[PDB]
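Okay, so here's the structure we're looking at.
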Amino acid sequence: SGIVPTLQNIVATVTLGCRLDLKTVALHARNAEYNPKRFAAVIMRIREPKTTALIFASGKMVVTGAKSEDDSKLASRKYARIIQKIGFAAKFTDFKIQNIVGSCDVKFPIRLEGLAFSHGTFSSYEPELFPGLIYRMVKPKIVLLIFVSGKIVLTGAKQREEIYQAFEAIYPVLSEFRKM
DNA sequence: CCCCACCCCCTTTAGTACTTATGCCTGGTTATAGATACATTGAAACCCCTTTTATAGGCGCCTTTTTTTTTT
C-alpha cells in the first residue's frame with residue numbers, strides 16, 4: 001500500500017493496588033475534577049505525555065490519550081507517582097493496553113455504497129445515521145470506519161500490529177472502490 | 001189397700017262443624033368465604049458518574065444582517 005496508519009489513541013488500565021479516597025485525591029492533585037454525582041471516579045490530566053486518567057476508589061485506573069505504548073506506560077507511572085506523592089500506598093501494577101486506535105488517508109475518494117453492497121456481511125453503511133461505513137474485519141478483529149474522503153479509522157486493536165495488518169487487508173478493497 | 005200413670009235419671013256413643021298447631025312455601029336483610037379495589041413494605045432492576053482522538057454528515061439554538069410591510 002505504501003502507507004502506515006498513525007496511532008492516535010491508546011487506552012490502558014493499571015491496578016495501583018490500594019484503596020483510594022477520591023475526595024482527597026481531587027483535593028490535593030492539580031487539574032483534577034471529581035463529581036461523584038455523575039461518575040464515581042477522579043478525572044485527572046497531565047501534559048507529558050498529554051493524557052487523561054480515570055482514577056477509582058478501588059485503586060484502579062484507566063489512562064487514555066496516549067499515542068504510543070511507551071507514552072502510555074510512562075503516563076501511567078506519573079499518575080501512580082502523584083497518587084503516592086499525595087499519600088497513598090499506590091504501586092504501578094498490572095499495566096495493560098486495552099485498545100489502540102489509528103487513522104489513515106489513502107488520498108483518494110471512495111464509493112462507499114458500492115463497498116457496502118459488495119461486502120454486506122462485514123460493512124454497515126447508512127449515511128442517515130453516520131456518514132462513514134463501518135467495516136467489521138474478522139482477521140484481525142479490527143473495526144474500521146471508512147469515509148468518502150479516503151480517511152480511515154481503525155480501532156479495537158490490542159497490538160499496534162493489528163492496526164497495520166487491518167489496513168493492509170482493507171487497502172485492496174478500498175482501491176477497488178476508488179472513485180475515478 | 002192395690003193398680004195405673006206420670007215424672008226424673010243416668011247409660012254411653014255417633015255427627016259434623018270449628019279452632020289450634022305443624023309443615024308448607026315465600027319476601028327482606030344479615031352473617032361467611034373469597035376476590036377486588038387496591039394500598040402495603042419489600043425487593044430488585046435501571047441508568048448515572050471519570051475521557052481520549054480522528055473521521056464528517058445532521059441536530060438544535062445564538063446574535064447580527066438583510067428584506068418586506070406598515071404607518072405617518
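Each chain in the C-alpha cells gets a letter, A, B and so on, in the order shown; residues start at 1 in every chain, and ligands are counted from 1 in the order they appear.
Within 6 Å of chain B, and using only C-alpha atoms (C1' of nucleotides), the residues found on chain A are residues 8, 9, 36, 37, 38, 39, 40, 41, 42, 43, 54, 64, 65 and 131 of chain A.
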Which residues come within 12 Å of residue 84 (chain A), counting only C-alpha atoms (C1' of nucleotides), excluding same-chain residues fewer than 4 positions away, as a VMD selection string? chain A and resid 16 to 20 25 28 to 29 59 77 to 80 88 to 92
Output for the residues just chosen: N, CA and C atoms as a CSV table (one decimal), in the first residue's frame:
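Contents of out_25.csv, freshly written:
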chain,number,residue,atom,x,y,z
A,16,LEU,N,-3.4,0.1,41.0
A,16,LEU,CA,-2.4,0.7,41.9
A,16,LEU,C,-2.3,-0.1,43.2
A,17,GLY,N,-3.1,-1.1,43.3
A,17,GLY,CA,-3.1,-2.0,44.5
A,17,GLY,C,-3.2,-1.3,45.8
A,18,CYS,N,-4.4,-0.6,46.1
A,18,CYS,CA,-4.6,0.1,47.4
A,18,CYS,C,-5.8,1.0,47.2
A,19,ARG,N,-6.7,0.9,48.2
A,19,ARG,CA,-8.0,1.7,48.2
A,19,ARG,C,-7.7,3.2,48.1
A,20,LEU,N,-8.6,4.0,47.5
A,20,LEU,CA,-8.3,5.4,47.4
A,20,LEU,C,-9.5,6.3,47.9
A,25,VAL,N,-8.0,12.8,46.8
A,25,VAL,CA,-7.2,12.9,45.6
A,25,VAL,C,-7.5,14.2,44.8
A,28,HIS,N,-6.0,17.3,46.6
A,28,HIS,CA,-4.5,17.5,46.6
A,28,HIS,C,-3.8,17.5,45.2
A,29,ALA,N,-4.5,16.9,44.2
A,29,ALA,CA,-4.0,16.9,42.9
A,29,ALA,C,-4.4,18.0,42.0
A,59,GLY,N,-8.6,1.9,43.6
A,59,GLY,CA,-7.2,2.0,43.3
A,59,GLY,C,-6.8,1.7,41.9
A,77,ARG,N,2.7,5.7,34.9
A,77,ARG,CA,3.7,5.8,36.0
A,77,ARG,C,3.6,7.1,36.7
A,78,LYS,N,3.4,8.2,36.0
A,78,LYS,CA,3.3,9.5,36.5
A,78,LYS,C,2.1,9.7,37.4
A,79,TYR,N,0.9,9.2,36.9
A,79,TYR,CA,-0.3,9.2,37.7
A,79,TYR,C,-0.1,8.5,39.0
A,80,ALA,N,0.4,7.3,38.9
A,80,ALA,CA,0.6,6.5,40.1
A,80,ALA,C,1.5,7.2,41.1
A,88,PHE,N,-0.8,7.9,49.4
A,88,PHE,CA,-1.4,6.5,49.3
A,88,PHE,C,-0.3,5.5,49.0
A,89,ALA,N,-0.5,4.3,49.4
A,89,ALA,CA,0.4,3.2,49.2
A,89,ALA,C,0.2,2.6,47.8
A,90,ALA,N,0.1,3.5,46.8
A,90,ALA,CA,-0.1,3.2,45.4
A,90,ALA,C,1.1,2.6,44.8
A,91,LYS,N,0.9,1.6,43.9
A,91,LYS,CA,2.0,0.9,43.2
A,91,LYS,C,1.6,0.7,41.8
A,92,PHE,N,2.6,0.7,40.9
A,92,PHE,CA,2.4,0.5,39.5
A,92,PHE,C,2.3,-1.0,39.2
Give me, as an MDAnalysis selection string, the residues of region 79-163 of chain A that a backbone DSSP run labels strand (DSSP E). chainID A and resid 93:105 123:126 130:136 143:146 151:157
Enumerate, as a ChimeraX atom specification, the complete set of residues in region 102-145 of chain A that a backbone-based DSSP assignment places in alpha helix (DSSP H). /A:112-118
Can those selected residues be exported to a file as a JSON list (two decimals), in the first residue's frame so that it contains C-alpha atoms?
[["chain", "number", "residue", "atom", "x", "y", "z"],
["A", 112, "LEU", "CA", -18.93, 3.62, -0.03],
["A", 113, "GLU", "CA", -22.31, 2.18, -1.12],
["A", 114, "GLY", "CA", -20.56, 0.03, -3.67],
["A", 115, "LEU", "CA", -18.20, -1.25, -0.98],
["A", 116, "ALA", "CA", -21.10, -1.93, 1.38],
["A", 117, "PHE", "CA", -23.15, -3.82, -1.22],
["A", 118, "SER", "CA", -20.06, -5.86, -2.12]]
Would you kindly return, as a PyMOL selection string, each protein, DNA or RNA residue with an atom no farther than 7 Å from any atom of residue 178 (chain A), considering only C-alpha atoms (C1' of nucleotides) and excluding same-chain residues fewer than 3 positions away? chain A and resi 108-111+174-175
Do you know which residues are at most 10 Å from residue 4 (chain A) counting only C-alpha atoms (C1' of nucleotides), after dropping those on the same chain fewer than 6 positions away, and could you put them as a JSON list (two decimals) with N, CA, C and O atoms, in the first residue's frame?
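Output contents, as saved in around.json:
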[["chain", "number", "residue", "atom", "x", "y", "z"],
["A", 102, "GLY", "N", -6.10, 3.96, 15.32],
["A", 102, "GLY", "CA", -5.21, 4.55, 14.34],
["A", 102, "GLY", "C", -5.99, 5.11, 13.17],
["A", 102, "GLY", "O", -7.11, 4.68, 12.92],
["A", 103, "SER", "N", -5.41, 6.07, 12.44],
["A", 103, "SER", "CA", -6.09, 6.66, 11.29],
["A", 103, "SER", "C", -5.18, 6.70, 10.07],
["A", 103, "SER", "O", -3.96, 6.65, 10.18],
["A", 104, "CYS", "N", -5.80, 6.80, 8.89],
["A", 104, "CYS", "CA", -5.08, 6.83, 7.62],
["A", 104, "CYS", "C", -5.72, 7.79, 6.68],
["A", 104, "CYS", "O", -6.77, 8.37, 6.95],
["A", 105, "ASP", "N", -5.08, 7.91, 5.54],
["A", 105, "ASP", "CA", -5.55, 8.75, 4.47],
["A", 105, "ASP", "C", -4.98, 8.08, 3.22],
["A", 105, "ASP", "O", -3.79, 8.15, 2.97],
["A", 106, "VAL", "N", -5.84, 7.40, 2.47],
["A", 106, "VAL", "CA", -5.40, 6.74, 1.26],
["A", 106, "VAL", "C", -5.30, 7.75, 0.12],
["A", 106, "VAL", "O", -4.89, 7.42, -0.99],
["A", 163, "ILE", "N", -3.45, -3.04, 13.76],
["A", 163, "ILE", "CA", -3.90, -1.86, 13.01],
["A", 163, "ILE", "C", -3.27, -1.93, 11.63],
["A", 163, "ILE", "O", -3.93, -1.75, 10.61],
["A", 164, "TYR", "N", -1.97, -2.21, 11.63],
["A", 164, "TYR", "CA", -1.19, -2.33, 10.40],
["A", 164, "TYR", "C", -1.72, -3.45, 9.50],
["A", 164, "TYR", "O", -1.94, -3.25, 8.32],
["A", 167, "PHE", "N", -5.13, -2.54, 8.07],
["A", 167, "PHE", "CA", -5.05, -1.61, 6.96],
["A", 167, "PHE", "C", -4.58, -2.27, 5.66],
["A", 167, "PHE", "O", -5.10, -1.98, 4.59],
["A", 168, "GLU", "N", -3.60, -3.16, 5.76],
["A", 168, "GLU", "CA", -3.10, -3.83, 4.57],
["A", 168, "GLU", "C", -4.20, -4.66, 3.92],
["A", 168, "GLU", "O", -4.34, -4.67, 2.70]]
If you count only C-alpha atoms (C1' of nucleotides), which residues fall within 7 Å of residue 158 (chain A), apart from same-chain ones fewer than 6 positions away, as a list in words? residues 97, 98, 99 and 100 of chain A
Do you have the CA of residue 12 (chain A)-CA of residue 93 (chain A) distance handy?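 Distance reported for this atom pair: 11.7 Å.
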Between A:63, A:143, A:101, A:74, which is the closest to residue 159 (chain A) once you count only C-alpha atoms?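 Using only C-alpha atoms, residue 159 (chain A) sits closest to A:101.
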